[PDB]
$ cat run.txt   # compact mmCIF, C-alpha atoms and all ligand atoms
# COMPACT_ATOMS: atom_id res chain seq x y z
CA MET P 1 64.76 -12.00 2.74
CA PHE P 2 63.89 -14.44 5.53
CA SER P 3 64.99 -18.07 5.68
CA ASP P 4 62.64 -20.50 3.97
CA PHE P 5 61.61 -21.96 7.32
CA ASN P 6 60.17 -18.62 8.46
CA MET P 7 58.47 -18.19 5.08
CA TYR P 8 56.68 -21.52 5.48
CA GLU P 9 55.75 -20.56 9.05
CA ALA P 10 54.14 -17.42 7.65
CA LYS P 11 52.39 -19.43 4.95
CA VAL P 12 50.88 -21.82 7.50
CA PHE P 13 49.79 -18.98 9.77
CA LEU P 14 48.18 -17.08 6.89
CA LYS P 15 46.33 -20.20 5.77
CA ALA P 16 45.00 -20.54 9.32
CA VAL P 17 43.92 -16.89 9.45
CA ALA P 18 42.09 -17.16 6.13
CA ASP P 19 40.38 -20.30 7.39
CA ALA P 20 39.31 -18.46 10.55
CA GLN P 21 37.75 -15.64 8.54
CA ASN P 22 35.98 -18.21 6.38
CA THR P 23 34.70 -19.77 9.61
CA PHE P 24 33.17 -16.46 10.67
CA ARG P 25 31.60 -16.06 7.23
CA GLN P 26 30.22 -19.60 7.22
CA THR P 27 28.66 -19.26 10.67
CA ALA P 28 26.93 -15.98 9.91
CA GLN P 29 25.78 -17.09 6.46
CA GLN P 30 24.34 -20.39 7.68
CA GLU P 31 22.39 -18.73 10.48
CA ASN P 32 20.95 -16.02 8.26
CA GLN P 33 20.21 -18.47 5.44
CA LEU P 34 18.12 -20.62 7.77
CA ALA P 35 16.26 -17.51 8.92
CA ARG P 36 15.75 -16.41 5.31
CA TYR P 37 14.33 -19.76 4.23
CA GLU P 38 11.90 -19.76 7.15
CA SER P 39 10.74 -16.22 6.38
CA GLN P 40 10.28 -16.85 2.65
CA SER P 41 8.37 -20.10 3.20
CA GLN P 42 6.09 -18.43 5.72
CA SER P 43 5.52 -15.51 3.35
CA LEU P 44 4.51 -17.82 0.51
CA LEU P 45 2.13 -19.72 2.79
CA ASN P 46 0.51 -16.51 4.00
CA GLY P 47 0.24 -15.21 0.45
CA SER P 48 -1.47 -18.33 -0.85
CA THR P 49 -3.81 -18.63 2.14
CA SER P 50 -4.71 -14.94 2.15
CA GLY P 51 -5.73 -15.18 -1.51
CA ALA P 52 -3.11 -12.65 -2.58
CA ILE P 53 -1.60 -15.07 -5.11
CA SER P 54 -2.28 -18.43 -6.73
CA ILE P 55 0.67 -20.81 -7.10
CA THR P 56 0.04 -23.50 -9.72
CA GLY P 57 2.62 -25.81 -11.22
CA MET D 1 86.22 -33.48 -64.39
CA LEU D 2 84.52 -36.86 -64.12
CA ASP D 3 84.12 -38.85 -67.35
CA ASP D 4 80.32 -38.95 -67.33
CA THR D 5 80.13 -39.69 -71.06
CA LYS D 6 77.96 -42.80 -70.78
CA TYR D 7 75.63 -41.25 -68.21
CA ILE D 8 75.26 -38.14 -70.36
CA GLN D 9 74.34 -40.38 -73.29
CA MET D 10 71.83 -42.27 -71.15
CA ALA D 11 70.20 -39.02 -70.07
CA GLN D 12 70.06 -37.63 -73.61
CA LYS D 13 68.71 -40.83 -75.21
CA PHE D 14 66.07 -42.72 -73.22
CA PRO D 15 63.05 -44.66 -74.48
CA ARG D 16 59.74 -42.81 -74.36
CA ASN D 17 57.34 -45.73 -74.80
CA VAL D 18 58.78 -48.45 -72.53
CA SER D 19 56.85 -49.30 -69.37
CA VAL D 20 56.52 -52.28 -67.04
CA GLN D 21 53.38 -53.63 -65.42
CA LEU D 22 53.57 -53.68 -61.62
CA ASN D 23 52.28 -56.59 -59.56
CA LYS D 24 49.65 -54.90 -57.41
CA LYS D 25 50.08 -57.41 -54.60
CA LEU D 26 53.80 -56.76 -54.09
CA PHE D 27 53.39 -52.99 -54.34
CA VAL D 28 50.66 -53.17 -51.69
CA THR D 29 52.80 -55.43 -49.49
CA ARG D 30 55.73 -53.02 -49.50
CA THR D 31 53.52 -49.99 -48.92
CA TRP D 32 51.80 -51.66 -45.97
CA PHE D 33 55.15 -52.58 -44.47
CA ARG D 34 55.94 -48.88 -44.73
CA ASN D 35 52.65 -48.07 -42.99
CA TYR D 36 53.43 -50.66 -40.32
CA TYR D 37 56.77 -49.01 -39.59
CA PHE D 38 55.19 -45.54 -39.59
CA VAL D 39 52.12 -46.05 -37.40
CA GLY D 40 53.68 -48.52 -34.97
CA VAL D 41 57.21 -47.10 -34.66
CA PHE D 42 57.22 -43.43 -35.59
CA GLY D 43 53.71 -43.18 -34.16
CA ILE D 44 55.18 -43.70 -30.70
CA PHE D 45 57.53 -40.75 -31.09
CA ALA D 46 54.88 -38.55 -32.68
CA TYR D 47 52.32 -39.29 -29.97
CA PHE D 48 54.89 -38.69 -27.25
CA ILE D 49 55.74 -35.29 -28.70
CA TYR D 50 52.07 -34.42 -29.11
CA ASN D 51 50.85 -35.60 -25.70
CA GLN D 52 53.64 -35.33 -23.10
CA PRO D 53 53.23 -31.53 -22.86
CA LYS D 54 49.50 -32.13 -22.37
CA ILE D 55 50.40 -34.38 -19.43
CA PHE D 56 52.96 -32.09 -17.79
CA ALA D 57 51.15 -28.84 -18.72
CA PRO D 58 47.44 -29.59 -18.35
CA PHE D 59 46.25 -26.23 -17.02
CA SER D 60 46.79 -24.50 -20.37
CA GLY D 61 44.36 -26.81 -22.18
CA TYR D 62 41.28 -26.30 -19.97
CA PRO D 63 40.84 -22.52 -19.71
CA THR D 64 37.42 -22.19 -18.05
CA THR D 65 35.90 -24.25 -15.24
CA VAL D 66 32.73 -24.13 -13.16
CA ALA D 67 32.06 -23.79 -9.44
CA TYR D 68 28.90 -24.54 -7.49
CA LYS D 69 27.13 -23.34 -4.37
CA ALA D 70 24.27 -25.26 -2.78
CA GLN D 71 21.30 -24.46 -0.57
CA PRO D 72 18.78 -26.81 1.05
CA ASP D 73 15.09 -26.99 0.22
CA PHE D 74 13.52 -28.43 3.36
CA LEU D 75 9.86 -28.35 2.32
CA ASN D 76 10.66 -30.43 -0.77
CA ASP D 77 13.79 -32.32 0.34
CA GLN D 78 15.69 -30.85 -2.60
CA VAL D 79 19.04 -29.15 -3.14
CA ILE D 80 19.33 -25.91 -5.13
CA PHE D 81 22.53 -25.20 -7.06
CA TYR D 82 24.01 -21.91 -8.24
CA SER D 83 26.78 -22.16 -10.83
CA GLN D 84 29.63 -19.81 -11.61
CA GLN D 85 32.22 -19.61 -14.39
CA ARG D 86 35.86 -19.25 -13.35
CA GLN D 87 39.21 -19.07 -15.08
CA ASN D 88 40.93 -22.38 -14.36
CA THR D 89 44.02 -21.26 -12.44
CA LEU D 90 46.67 -22.72 -10.18
CA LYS D 91 45.90 -22.92 -6.48
CA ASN D 92 47.80 -23.88 -3.33
CA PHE D 93 51.28 -23.78 -4.85
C1 LIG N 1 35.27 -44.03 -36.90
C2 LIG N 1 35.49 -44.86 -38.14
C3 LIG N 1 36.93 -45.30 -38.31
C4 LIG N 1 37.18 -46.16 -39.54
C5 LIG N 1 38.60 -46.66 -39.66
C6 LIG N 1 38.84 -47.58 -40.85
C7 LIG N 1 40.25 -48.15 -40.90
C8 LIG N 1 40.49 -49.09 -42.07
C9 LIG N 1 41.85 -49.75 -42.05
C10 LIG N 1 42.10 -50.70 -43.21
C11 LIG N 1 43.40 -51.48 -43.09
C12 LIG N 1 43.68 -52.39 -44.27
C13 LIG N 1 45.00 -53.15 -44.14
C14 LIG N 1 45.35 -53.96 -45.37
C15 LIG N 1 46.68 -54.69 -45.27
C16 LIG N 1 47.06 -55.44 -46.53
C17 LIG N 1 48.42 -56.12 -46.44
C18 LIG N 1 48.80 -56.80 -47.72
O1 LIG N 1 48.14 -56.77 -48.73
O2 LIG N 1 49.96 -57.44 -47.61
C19 LIG N 1 49.94 -58.76 -47.03
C20 LIG N 1 51.26 -58.99 -46.35
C21 LIG N 1 51.53 -60.45 -46.13
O3 LIG N 1 52.81 -60.60 -45.47
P1 LIG N 1 53.83 -61.76 -45.88
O4 LIG N 1 54.79 -61.95 -44.71
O5 LIG N 1 54.48 -61.47 -47.17
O6 LIG N 1 52.94 -63.11 -45.97
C22 LIG N 1 52.41 -63.58 -47.23
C23 LIG N 1 50.94 -63.85 -47.12
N1 LIG N 1 50.33 -64.10 -48.45
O7 LIG N 1 51.21 -58.33 -45.05
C24 LIG N 1 52.35 -57.81 -44.58
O8 LIG N 1 53.41 -57.94 -45.13
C25 LIG N 1 52.13 -57.03 -43.32
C26 LIG N 1 51.09 -55.94 -43.47
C27 LIG N 1 51.03 -55.02 -42.26
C28 LIG N 1 49.79 -54.14 -42.23
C29 LIG N 1 49.83 -53.06 -41.17
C30 LIG N 1 48.50 -52.35 -40.98
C31 LIG N 1 48.56 -51.11 -40.11
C32 LIG N 1 47.24 -50.38 -40.04
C33 LIG N 1 47.27 -49.10 -39.22
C34 LIG N 1 45.92 -48.39 -39.15
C35 LIG N 1 45.92 -47.16 -38.27
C36 LIG N 1 44.56 -46.49 -38.15
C37 LIG N 1 44.52 -45.36 -37.14
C38 LIG N 1 43.12 -44.84 -36.86
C39 LIG N 1 43.04 -43.90 -35.66
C40 LIG N 1 41.62 -43.51 -35.29
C41 LIG N 1 41.55 -42.67 -34.03

$ encode --input "run.txt" --output "structure tokens"
Amino acid sequence: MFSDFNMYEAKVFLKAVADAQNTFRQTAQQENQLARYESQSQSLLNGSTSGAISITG
Amino acid sequence: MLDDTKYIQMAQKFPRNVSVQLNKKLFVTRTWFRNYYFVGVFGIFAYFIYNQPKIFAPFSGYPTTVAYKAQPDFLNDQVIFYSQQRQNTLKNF
């Protein structure tokens, strides 16, 4: 259809676009994962201190 | 027609109690020469045929692979891993 040169141009550009979308995903996931870990740790601390649960072993 | 008279006679009339003892050492020597020329000569060809496809076509021999994802564990300085089974497939042609 198109010369091989244009096909490889398209391949490179598509690789870059996929990498950009992965960059968006990585940024959002890292931020929310840090927030999640903080929230879960705080929840476990509050639970143990409040006497709601006992965490042993 | 070939004049097979004497061979026909030999076939018809052969002794049925004559046997010869065989020197075990010489029999073993010849057989182990045969083994030497099988393992060390034809073995090369056989191993090439058996293995070369496994070198130039490796993806068909390992069907399933594993992938990992990791998360930190700050309060314990650990790393938590989640595994996943995948079909081992080509990638980045
Ligand atoms: C996990 C557990 C595994 C266990 C594995 C166990 C393996 C056991 C193997 C036993 C091998 C016994 C070999 C015995 C050879 C005897 C030879 C013999 O009787 O003839 C002697 C003859 C002497 O030669 P000549 O020049 O006439 O000199 C006169 C000397 N009086 O000699 C000759 O003329 C030359 C003789 C050549 C002998 C060639 C031997 C080739 C052996 C190939 C073995 C391949 C095994 C592959 C295993 C794969 C495993 C993944």

$ interface_residues --input "run.txt" --of "chain P" --to "chain D" --cutoff "12 Å" --atoms "all atoms listed in the file" --output "NGL selection string"
:P and (8 or 11-12 or 15 or 29-30 or 33-34 or 36-38 or 40-42 or 44-45)

$ residues_near_ligand --input "run.txt" --ligand "ligand LIG 1 (chain N)" --cutoff "8 Å" --atoms "all atoms listed in the file" --output "PDB file with C-alpha atoms, in the frame of the given file"
ATOM      1  CA  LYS D  25      50.080 -57.410 -54.600  1.00  0.00           C
ATOM      2  CA  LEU D  26      53.800 -56.760 -54.090  1.00  0.00           C
ATOM      3  CA  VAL D  28      50.660 -53.170 -51.690  1.00  0.00           C
ATOM      4  CA  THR D  29      52.800 -55.430 -49.490  1.00  0.00           C
ATOM      5  CA  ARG D  30      55.730 -53.020 -49.500  1.00  0.00           C
ATOM      6  CA  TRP D  32      51.800 -51.660 -45.970  1.00  0.00           C
ATOM      7  CA  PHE D  33      55.150 -52.580 -44.470  1.00  0.00           C
ATOM      8  CA  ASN D  35      52.650 -48.070 -42.990  1.00  0.00           C
ATOM      9  CA  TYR D  36      53.430 -50.660 -40.320  1.00  0.00           C
ATOM     10  CA  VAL D  39      52.120 -46.050 -37.400  1.00  0.00           C
ATOM     11  CA  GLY D  40      53.680 -48.520 -34.970  1.00  0.00           C
TER      12      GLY D  40
END

$ atom_distance --input "run.txt" --atom1 "CA of residue 66 (chain D)" --atom2 "CA of residue 85 (chain D)"
4.7 Å

$ axis_aligned_box --input "run.txt" --around "region 27-30 of chain P" --padding-each-side "4 Å" --output "AutoDock Vina command-line options"
--center_x 26.5 --center_y -18.2 --center_z 8.6 --size_x 12.3 --size_y 12.4 --size_z 12.2

$ atom_distance --input "run.txt" --atom1 "CA of residue 2 (chain P)" --atom2 "CA of residue 93 (chain D)"
18.8 Å

$ atom_distance --input "run.txt" --atom1 "CA of residue 44 (chain D)" --atom2 "CA of residue 56 (chain D)"
17.5 Å

$ decode --input "run.txt" --residues "chain D" --atoms "C-alpha atoms" --output "compact mmCIF listing (two decimals), in the first residue's frame"
# COMPACT_ATOMS: atom_id res chain seq x y z
CA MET D 1 18.57 -69.46 -16.07
CA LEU D 2 21.62 -69.44 -13.82
CA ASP D 3 23.20 -72.81 -13.01
CA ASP D 4 22.64 -72.67 -9.25
CA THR D 5 23.00 -76.44 -8.86
CA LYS D 6 25.69 -76.36 -6.19
CA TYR D 7 24.01 -73.58 -4.21
CA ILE D 8 20.69 -75.44 -4.36
CA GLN D 9 22.46 -78.52 -3.01
CA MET D 10 24.08 -76.46 -0.24
CA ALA D 11 20.70 -75.04 0.77
CA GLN D 12 18.99 -78.44 0.74
CA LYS D 13 21.75 -80.27 2.66
CA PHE D 14 23.33 -78.36 5.54
CA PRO D 15 24.59 -79.69 8.88
CA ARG D 16 22.22 -79.29 11.81
CA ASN D 17 24.63 -79.90 14.69
CA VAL D 18 27.75 -77.92 13.72
CA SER D 19 28.54 -74.78 15.70
CA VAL D 20 31.62 -72.72 16.51
CA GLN D 21 32.55 -71.11 19.80
CA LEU D 22 32.99 -67.35 19.56
CA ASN D 23 35.81 -65.50 21.30
CA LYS D 24 33.89 -63.12 23.55
CA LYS D 25 36.69 -60.55 23.51
CA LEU D 26 36.74 -60.13 19.73
CA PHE D 27 32.94 -60.03 19.47
CA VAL D 28 32.90 -57.31 22.14
CA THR D 29 35.69 -55.40 20.39
CA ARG D 30 33.83 -55.30 17.08
CA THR D 31 30.53 -54.37 18.72
CA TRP D 32 32.14 -51.53 20.65
CA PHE D 33 33.77 -50.23 17.48
CA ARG D 34 30.24 -50.19 16.06
CA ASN D 35 29.04 -48.27 19.12
CA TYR D 36 31.97 -45.87 18.76
CA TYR D 37 30.99 -45.11 15.17
CA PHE D 38 27.32 -44.76 16.11
CA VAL D 39 27.49 -42.51 19.18
CA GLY D 40 30.40 -40.36 18.03
CA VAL D 41 29.66 -40.06 14.31
CA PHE D 42 25.97 -40.65 13.67
CA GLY D 43 25.25 -39.09 17.05
CA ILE D 44 26.34 -35.74 15.64
CA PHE D 45 23.81 -35.95 12.80
CA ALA D 46 21.05 -37.25 15.06
CA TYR D 47 21.59 -34.53 17.66
CA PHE D 48 21.69 -31.85 14.98
CA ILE D 49 18.37 -33.03 13.57
CA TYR D 50 16.85 -33.24 17.04
CA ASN D 51 18.10 -29.90 18.37
CA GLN D 52 18.57 -27.39 15.54
CA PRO D 53 14.79 -26.80 15.27
CA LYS D 54 14.77 -26.24 19.03
CA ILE D 55 17.41 -23.54 18.49
CA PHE D 56 15.76 -21.79 15.54
CA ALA D 57 12.17 -22.37 16.76
CA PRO D 58 12.30 -21.94 20.54
CA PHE D 59 8.92 -20.28 21.10
CA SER D 60 7.01 -23.48 20.32
CA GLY D 61 8.69 -25.40 23.16
CA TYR D 62 7.86 -23.05 26.05
CA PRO D 63 4.10 -22.45 25.82
CA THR D 64 3.34 -20.64 29.09
CA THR D 65 5.35 -17.97 30.90
CA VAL D 66 4.88 -15.78 33.96
CA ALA D 67 4.78 -12.02 34.49
CA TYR D 68 5.14 -10.04 37.70
CA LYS D 69 3.95 -6.76 39.17
CA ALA D 70 5.48 -5.25 42.29
CA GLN D 71 4.39 -2.88 45.03
CA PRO D 72 6.40 -1.38 47.89
CA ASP D 73 5.87 -2.10 51.58
CA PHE D 74 7.30 0.96 53.31
CA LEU D 75 6.49 0.06 56.92
CA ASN D 76 8.38 -3.23 56.55
CA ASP D 77 10.88 -2.40 53.79
CA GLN D 78 9.49 -5.26 51.71
CA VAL D 79 8.35 -5.77 48.13
CA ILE D 80 5.05 -7.48 47.32
CA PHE D 81 4.73 -9.45 44.08
CA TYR D 82 1.65 -10.38 42.06
CA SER D 83 2.14 -13.08 39.43
CA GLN D 84 0.25 -13.76 36.22
CA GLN D 85 0.25 -16.59 33.69
CA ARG D 86 0.62 -15.65 30.02
CA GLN D 87 0.86 -17.47 26.73
CA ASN D 88 4.48 -17.11 25.61
CA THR D 89 4.08 -15.21 22.34
CA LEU D 90 6.18 -13.17 19.94
CA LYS D 91 6.59 -9.48 20.66
CA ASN D 92 8.16 -6.50 18.90
CA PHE D 93 8.52 -8.13 15.48
